[PDB]
Every structure is written in C-alpha cells, then in structure tokens.
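Colleague: Below you'll find the structure I mean.
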Amino acid sequence: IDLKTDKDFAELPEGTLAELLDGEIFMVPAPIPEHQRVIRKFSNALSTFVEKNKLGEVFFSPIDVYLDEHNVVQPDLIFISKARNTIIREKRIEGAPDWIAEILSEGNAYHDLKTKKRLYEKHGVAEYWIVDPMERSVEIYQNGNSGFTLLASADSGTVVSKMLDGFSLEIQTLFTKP
Amino acid sequence: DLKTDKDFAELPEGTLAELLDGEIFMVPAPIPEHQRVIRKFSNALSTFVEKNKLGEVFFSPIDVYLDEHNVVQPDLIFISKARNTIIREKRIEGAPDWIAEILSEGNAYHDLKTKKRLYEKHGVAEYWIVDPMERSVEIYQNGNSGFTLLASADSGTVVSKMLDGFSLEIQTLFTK
Ligand SMILES: [Mg+2]
Ligand SMILES: [Mg+2]
Ligand SMILES: [Mg+2]
Ligand SMILES: [Mg+2]
C-alpha cells in the first residue's frame, strides 16, 4: 500500500545513487576500483564490436533505466539496438535495453542475482550477463518464451553471445591487472 | 571548520560527492549524453593503453584521494604502470597521471577552475577538459610552472603529449 514510485525516485536529493526495485528504494554503495576495472574492460570489448557492426549504442552506469512505475534501475552495462534507439531520452533510458551486464559487488549481489534477474526477464531483456569479479566468473542468460535459461557459466575459456552474433569474450581478460 | 576525508568517508551510503578544498559538494547525476561521451573516450583511450601495455584506465564512479581535504571523482583517469601502487582496494590514493573531465552545464565551475588547480598542484601530468555543449576539448600539460595550454580545439585531431602516439579526432566524441 506504501510502494514507492518513479515520482518518489525522482524526488531523491541531488547526489543520490539509488535504485527502485518492486516499489522499494535501495541505496547503491559506491563501487570499488576492481568493479570499475571490469566494467571498463567489458565496455571496451562490447563497444568495439557494436561500433564495428553498427549495431546500436552502449552505455554504462550511472544511467537510469525506467522499466515501470515501481522499477527504475541503474545497470552496469547496457546495449540498445538501432531498432530500439527511441528509448534513449534526454535524462534517462525509458524502456528495457536489448542486452544488460551486471558486475557483482560482494555486499550488494542479491539484487543482481535474483531481483533484477526476474525484472529483466519480465521486461524482455534478450540477454543478461552476470559477471562475478570475486569468483572471476560469468553467467549468461538468454530470454525466450519460457523466460531466462542459462546459456553459459564459466570462469575460463571463451563465452559467446547469442543475440550479438559474433561477439565473444575471453573471460579471464576481464579480471587481469598489470 | 573544514571537512576532511574522514568526514567524506562517513557520508551515508548511496551518496556520490566530492571533497574540494575541505568542502563537500554533491555531484548531480549525469545525463545519457555525458555517459555517451565517456563511453566513446574510454573506448579510444583503453584501446590505446591496452595495445601499448601502459597501465590502467578507470571511469566514474571512483574515489581519488589527493590529500586530507580533497577527494575527487574524475570522469576518466589513466594510471601508468609507474604509479601502479596508487590503486588501492577501495579507492585511488594519489593523483592519476592523466585525467579527463566531461563538463555538465549546471556544474562546470569545479572542472574548469577548482579541479584544474588541484590537478595541477597534485602532479596530474595531462588534463583534458571535454565540453559536450560547445563540442570542444582543451588539453593542459603540467610542468615546472604548472599547467600550460597544450591544445584547444573543436575540430580536427588533438594529440596527447604524455600518451605518446595517442590522438583523438575531436568530433568523434560528440553527437551531431
Ligand atoms: Mg549495481
Ligand atoms: Mg555492479
Ligand atoms: Mg564531475
Ligand atoms: Mg563530468
């Protein structure tokens, strides 16, 4: 009866990084450098492939993605196809991206693993990558007529996208350092 | 009554802010065009750094501690292998070799002035200021007398001094 809405989410004080999940507002903790390293490496690989094949647009956090009145999320890495370009608005994304990756944080992984997995499934995100920098592993889910099914789960070798035909990723290169 | 990095560390979870000259400023959330410019710049820079095995690139949000009265969240940073030890578990402790800030209309003063002085003082060797409203770039080179203007352009290609061989066609950062 007291669900928070996108209007409540918009009224948060300037300088607040939060997400609205199932009508509840959650503060997101500041990420640590290793989390940012992984997003940088993933975005570089994804952006290069998207740009070479003119597939659409890549964004990374912070960026608001409105899904419905009770759900506004800030995914780590998103891809929006040319066909769905109109969901990119002046101040946020309005509608589900085609493709999302979340990079886990040890103290805040439940929403990536459970709550947003269901949300992204419901709203038709076609492919969802969950990257775990603590286990140095990836899980890939593909959407379909019966929701998400596990496409790949690995901490070694190469994983390939299904919806981004030709995109592959050598998993251990997400986590390496000088 | 100056705020310190101890006060900064005690801001409530979910707060993204900067500590500048001992005063805490909230940073407004960025808009998609800002994030698009960082994505384009990060891709170009990261490709070059990786190709040449030069160090590490990070983009915001990331805390960069400079001294007890200054903790910044720069948009894009490069840390050479030579300065590799400033990468800590929860933040950067010390000045990156290289920084780019992407201006926002309502919040540009700190990038243009306040942080320009701080990055100069703390030994950032090269500082790029990218303005997506005017679609322009300014590049500052540090030196024994502080920053000097290496380049100011809104067309053509600009060349980095400290990233030897890195160049950027300026209008590829921007939307027409
Ligand atoms: Mg998150
Ligand atoms: Mg994350
Ligand atoms: Mg800023
Ligand atoms: Mg900025």
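Labels used: A, B, ... for chains in the order of the structure tokens, numbers from 1 for residues in each chain, and numbers from 1 for ligands as shown.
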With only C-alpha atoms and all ligand atoms counted, collect every polymer residue having an atom within 9 Å of ligand 1; state the result as an NGL selection string.

Modeller: :A and (19 or 28-29 or 31 or 61 or 73-76 or 102-105 or 108-109 or 111-112)

Colleague: Can you work out which residues from chain A touch chain B at a cut-off of 10 Å (counting only C-alpha atoms) and hand them back as a PyMOL selection string?

Modeller: chain A and resi 13-19+26-41+43-48+57-64+88-93+177-178

Colleague: As a PyMOL selection string, please: the residues near residue 19 (chain B) (cut-off 7 Å, only C-alpha atoms, same-chain neighbours under 6 positions excluded).

Modeller: chain B and resi 8+25+69-72

Colleague: Would you save the residues from that selection as a PDB file, in the first residue's frame, using C-alpha atoms?

Modeller:
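selection.pdb written:
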ATOM      1  CA  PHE B   8      33.895  12.315   3.372  1.00  0.00           C
ATOM      2  CA  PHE B  25      29.719  19.085  -2.805  1.00  0.00           C
ATOM      3  CA  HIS B  69      40.951  17.999   2.242  1.00  0.00           C
ATOM      4  CA  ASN B  70      40.492  16.833  -1.366  1.00  0.00           C
ATOM      5  CA  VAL B  71      38.826  13.682  -2.693  1.00  0.00           C
ATOM      6  CA  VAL B  72      37.551  13.830  -6.281  1.00  0.00           C
TER       7      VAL B  72
END

Colleague: As a quick test: using only C-alpha atoms and all ligand atoms, which residues lie no more than 7 Å away from ligand 4? Give them as number ranges by chain.

Modeller: B: 34, 75, 101-104

Colleague: Filtering to N, CA, C and O atoms, could you give me those residues as a PDB file, in the first residue's frame?

Modeller:
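Written out: again.pdb:
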ATOM      1  N   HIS B  34      26.272  12.732 -21.446  1.00  0.00           N
ATOM      2  CA  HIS B  34      27.531  12.729 -20.706  1.00  0.00           C
ATOM      3  C   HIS B  34      28.136  11.327 -20.707  1.00  0.00           C
ATOM      4  O   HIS B  34      29.328  11.148 -20.989  1.00  0.00           O
ATOM      5  N   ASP B  75      35.958  11.964 -14.211  1.00  0.00           N
ATOM      6  CA  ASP B  75      35.219  11.151 -15.169  1.00  0.00           C
ATOM      7  C   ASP B  75      36.063  10.029 -15.765  1.00  0.00           C
ATOM      8  O   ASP B  75      35.564   8.915 -15.965  1.00  0.00           O
ATOM      9  N   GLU B 101      37.897  15.324 -17.697  1.00  0.00           N
ATOM     10  CA  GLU B 101      36.595  15.647 -17.120  1.00  0.00           C
ATOM     11  C   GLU B 101      35.671  16.049 -18.253  1.00  0.00           C
ATOM     12  O   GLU B 101      36.080  16.798 -19.152  1.00  0.00           O
ATOM     13  N   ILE B 102      34.449  15.523 -18.228  1.00  0.00           N
ATOM     14  CA  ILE B 102      33.420  15.867 -19.210  1.00  0.00           C
ATOM     15  C   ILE B 102      32.465  16.847 -18.531  1.00  0.00           C
ATOM     16  O   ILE B 102      31.810  16.496 -17.542  1.00  0.00           O
ATOM     17  N   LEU B 103      32.378  18.071 -19.054  1.00  0.00           N
ATOM     18  CA  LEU B 103      31.586  19.116 -18.418  1.00  0.00           C
ATOM     19  C   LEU B 103      30.099  18.787 -18.431  1.00  0.00           C
ATOM     20  O   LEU B 103      29.584  18.155 -19.364  1.00  0.00           O
ATOM     21  N   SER B 104      29.412  19.252 -17.381  1.00  0.00           N
ATOM     22  CA  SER B 104      27.963  19.369 -17.324  1.00  0.00           C
ATOM     23  C   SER B 104      27.622  20.841 -17.159  1.00  0.00           C
ATOM     24  O   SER B 104      28.319  21.566 -16.444  1.00  0.00           O
TER      25      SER B 104
END

Colleague: How many Å lie between CA of residue 78 (chain B) and CA of residue 98 (chain B), rounded to one decimal?

Modeller: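 Interatomic distance, CA of residue 78 (chain B) to CA of residue 98 (chain B): 5.0 Å.
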
Colleague: Fewer than 5 positions away in the same chain doesn't count, so skip those; otherwise give me all residues within 8 Å of residue 123 (chain B), counting only C-alpha atoms, as a count of residues only.

Modeller: 3

Colleague: Give the answer as one residue: which of B:130, B:125, B:149, B:86 has the shortest atom-to-atom distance to ligand 3, using only C-alpha atoms and all ligand atoms?

Modeller: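 Answer, going by the shortest atom-to-atom distance: B:130.
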
Colleague: Mind checking which residues fall within 8 Å of residue 112 (chain B), counting only C-alpha atoms, ignoring those fewer than 4 positions away in the same chain, and posting them as an NGL selection string?

Modeller: :B and (108 or 116 or 129)

Colleague: For the residues selected in the previous step, produce a file with N, CA and C atoms as a PDB file, in the first residue's frame.

Modeller:
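Below you can see part-v1.pdb, which holds the result:
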ATOM      1  N   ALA B 108      29.858  23.065 -14.084  1.00  0.00           N
ATOM      2  CA  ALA B 108      31.136  23.079 -14.801  1.00  0.00           C
ATOM      3  C   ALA B 108      32.248  23.799 -14.050  1.00  0.00           C
ATOM      4  N   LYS B 116      40.994  22.096 -11.840  1.00  0.00           N
ATOM      5  CA  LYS B 116      42.172  22.427 -12.623  1.00  0.00           C
ATOM      6  C   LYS B 116      43.329  22.809 -11.707  1.00  0.00           C
ATOM      7  N   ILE B 129      39.840  18.684 -20.746  1.00  0.00           N
ATOM      8  CA  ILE B 129      38.510  19.156 -20.378  1.00  0.00           C
ATOM      9  C   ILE B 129      37.649  19.068 -21.627  1.00  0.00           C
TER      10      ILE B 129
END

Colleague: To one decimal place, how far is CA of residue 74 (chain B) from CA of residue 158 (chain B) in Å?

Modeller: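 We find that CA of residue 74 (chain B) and CA of residue 158 (chain B) lie 20.7 Å from each other.
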
Colleague: Report, in Å with one decimal, the straight-line distance from CA of residue 173 (chain A) to CA of residue 78 (chain A).

Modeller: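 Interatomic distance, CA of residue 173 (chain A) to CA of residue 78 (chain A): 19.4 Å.
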
Colleague: Write out as a ChimeraX atom specification the residues lying within 10 Å of residue 171 (chain A), counting only C-alpha atoms and excluding same-chain residues fewer than 6 positions away.

Modeller: /A:42,131,136-138,154-159

Colleague: Set the distance at 7 Å and use only C-alpha atoms: which residues neighbour region 162-173 of chain B once local chain neighbours fewer than 5 positions away are removed? I'd like the list as an mmCIF file with N, CA, C and O atoms, in the first residue's frame.

Modeller:
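And here is the file that came out, selection_39.cif:
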data_model
loop_
_atom_site.group_PDB
_atom_site.id
_atom_site.type_symbol
_atom_site.label_atom_id
_atom_site.label_comp_id
_atom_site.auth_asym_id
_atom_site.auth_seq_id
_atom_site.Cartn_x
_atom_site.Cartn_y
_atom_site.Cartn_z
ATOM 1 N N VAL B 37 29.637 10.318 -24.081
ATOM 2 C CA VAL B 37 30.956 10.892 -24.357
ATOM 3 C C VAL B 37 32.027 10.118 -23.604
ATOM 4 O O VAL B 37 33.098 9.817 -24.152
ATOM 5 N N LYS B 40 32.678 6.820 -25.382
ATOM 6 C CA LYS B 40 33.496 6.985 -26.581
ATOM 7 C C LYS B 40 34.957 7.231 -26.212
ATOM 8 O O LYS B 40 35.866 6.602 -26.765
ATOM 9 N N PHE B 41 35.195 8.132 -25.262
ATOM 10 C CA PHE B 41 36.567 8.460 -24.867
ATOM 11 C C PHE B 41 37.239 7.271 -24.204
ATOM 12 O O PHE B 41 38.396 6.938 -24.516
ATOM 13 N N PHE B 48 44.061 2.127 -26.721
ATOM 14 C CA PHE B 48 45.447 2.554 -26.874
ATOM 15 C C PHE B 48 46.308 2.091 -25.704
ATOM 16 O O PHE B 48 47.437 1.622 -25.902
ATOM 17 N N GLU B 126 48.630 15.533 -17.388
ATOM 18 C CA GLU B 126 47.866 15.952 -18.546
ATOM 19 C C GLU B 126 46.396 15.894 -18.183
ATOM 20 O O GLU B 126 45.930 14.891 -17.630
ATOM 21 N N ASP B 154 37.844 22.510 -31.512
ATOM 22 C CA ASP B 154 36.534 21.900 -31.688
ATOM 23 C C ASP B 154 36.432 21.208 -33.040
ATOM 24 O O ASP B 154 35.325 20.994 -33.542
ATOM 25 N N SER B 155 37.570 20.894 -33.654
ATOM 26 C CA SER B 155 37.590 20.191 -34.928
ATOM 27 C C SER B 155 38.972 19.577 -35.079
ATOM 28 O O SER B 155 39.865 19.820 -34.264
ATOM 29 N N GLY B 156 39.129 18.752 -36.119
ATOM 30 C CA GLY B 156 40.440 18.181 -36.330
ATOM 31 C C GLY B 156 40.756 17.106 -35.298
ATOM 32 O O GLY B 156 39.871 16.496 -34.681
ATOM 33 N N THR B 157 42.048 16.878 -35.127
ATOM 34 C CA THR B 157 42.569 15.845 -34.246
ATOM 35 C C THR B 157 43.511 16.489 -33.240
ATOM 36 O O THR B 157 44.290 17.372 -33.597
#

Colleague: List every residue of region 6-171 of chain B that DSSP, applied to the backbone of this structure, places in alpha helix (DSSP H), and write the result as a PyMOL selection string.

Modeller: chain B and resi 6-9+32-51+109+115-121

Colleague: Dump N, CA and C atoms for the selected residues as a CSV table (one decimal), in the first residue's frame?

Modeller:
chain,number,residue,atom,x,y,z
B,6,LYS,N,38.0,12.1,6.4
B,6,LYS,CA,37.3,11.3,7.4
B,6,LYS,C,35.8,11.6,7.3
B,7,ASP,N,35.5,12.9,7.2
B,7,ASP,CA,34.1,13.3,7.1
B,7,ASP,C,33.5,12.7,5.7
B,8,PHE,N,34.3,12.9,4.7
B,8,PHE,CA,33.9,12.3,3.4
B,8,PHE,C,33.6,10.8,3.5
B,9,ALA,N,34.4,10.1,4.2
B,9,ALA,CA,34.2,8.6,4.3
B,9,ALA,C,32.9,8.3,5.0
B,32,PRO,N,22.4,10.9,-20.1
B,32,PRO,CA,22.9,9.9,-21.1
B,32,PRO,C,24.0,10.5,-22.0
B,33,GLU,N,23.9,11.8,-22.5
B,33,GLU,CA,24.9,12.3,-23.4
B,33,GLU,C,26.2,12.4,-22.7
B,34,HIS,N,26.3,12.7,-21.4
B,34,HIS,CA,27.5,12.7,-20.7
B,34,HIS,C,28.1,11.3,-20.7
B,35,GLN,N,27.3,10.3,-20.4
B,35,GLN,CA,27.8,8.9,-20.4
B,35,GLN,C,28.2,8.5,-21.8
B,36,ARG,N,27.6,8.9,-22.8
B,36,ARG,CA,28.0,8.5,-24.2
B,36,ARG,C,29.4,9.1,-24.5
B,37,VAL,N,29.6,10.3,-24.1
B,37,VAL,CA,31.0,10.9,-24.4
B,37,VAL,C,32.0,10.1,-23.6
B,38,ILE,N,31.8,9.8,-22.3
B,38,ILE,CA,32.7,9.0,-21.6
B,38,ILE,C,32.9,7.6,-22.2
B,39,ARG,N,31.9,7.0,-22.7
B,39,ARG,CA,32.0,5.7,-23.3
B,39,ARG,C,32.9,5.8,-24.6
B,40,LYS,N,32.7,6.8,-25.4
B,40,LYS,CA,33.5,7.0,-26.6
B,40,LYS,C,35.0,7.2,-26.2
B,41,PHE,N,35.2,8.1,-25.3
B,41,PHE,CA,36.6,8.5,-24.9
B,41,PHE,C,37.2,7.3,-24.2
B,42,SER,N,36.5,6.6,-23.3
B,42,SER,CA,37.1,5.4,-22.6
B,42,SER,C,37.5,4.4,-23.6
B,43,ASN,N,36.6,4.1,-24.6
B,43,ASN,CA,36.9,3.1,-25.6
B,43,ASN,C,38.2,3.4,-26.4
B,44,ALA,N,38.4,4.7,-26.8
B,44,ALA,CA,39.5,5.1,-27.5
B,44,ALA,C,40.8,5.0,-26.7
B,45,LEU,N,40.7,5.5,-25.5
B,45,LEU,CA,41.9,5.5,-24.6
B,45,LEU,C,42.2,4.1,-24.1
B,46,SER,N,41.2,3.3,-23.7
B,46,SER,CA,41.5,2.0,-23.3
B,46,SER,C,42.1,1.1,-24.4
B,47,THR,N,41.7,1.3,-25.6
B,47,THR,CA,42.2,0.5,-26.7
B,47,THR,C,43.7,0.8,-26.9
B,48,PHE,N,44.1,2.1,-26.7
B,48,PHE,CA,45.4,2.6,-26.9
B,48,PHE,C,46.3,2.1,-25.7
B,49,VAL,N,45.8,2.2,-24.5
B,49,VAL,CA,46.5,1.8,-23.3
B,49,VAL,C,46.8,0.3,-23.3
B,50,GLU,N,45.8,-0.5,-23.7
B,50,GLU,CA,45.9,-1.9,-23.7
B,50,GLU,C,46.9,-2.3,-24.8
B,51,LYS,N,46.8,-1.8,-26.0
B,51,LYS,CA,47.6,-2.1,-27.1
B,51,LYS,C,49.1,-1.8,-26.7
B,109,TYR,N,31.9,24.7,-13.1
B,109,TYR,CA,32.9,25.5,-12.5
B,109,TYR,C,34.0,24.7,-11.9
B,115,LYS,N,39.1,22.1,-9.8
B,115,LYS,CA,39.9,20.9,-10.0
B,115,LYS,C,41.1,21.1,-10.9
B,116,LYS,N,41.0,22.1,-11.8
B,116,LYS,CA,42.2,22.4,-12.6
B,116,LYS,C,43.3,22.8,-11.7
B,117,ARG,N,43.1,23.6,-10.7
B,117,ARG,CA,44.1,24.0,-9.7
B,117,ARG,C,44.6,22.8,-8.9
B,118,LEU,N,43.6,21.9,-8.5
B,118,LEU,CA,44.0,20.8,-7.7
B,118,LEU,C,44.8,19.8,-8.5
B,119,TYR,N,44.4,19.5,-9.7
B,119,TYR,CA,45.1,18.5,-10.6
B,119,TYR,C,46.5,19.1,-10.9
B,120,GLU,N,46.6,20.4,-11.1
B,120,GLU,CA,47.9,21.0,-11.3
B,120,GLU,C,48.8,20.8,-10.0
B,121,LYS,N,48.3,21.1,-8.9
B,121,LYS,CA,49.1,21.0,-7.6
B,121,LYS,C,49.6,19.6,-7.4
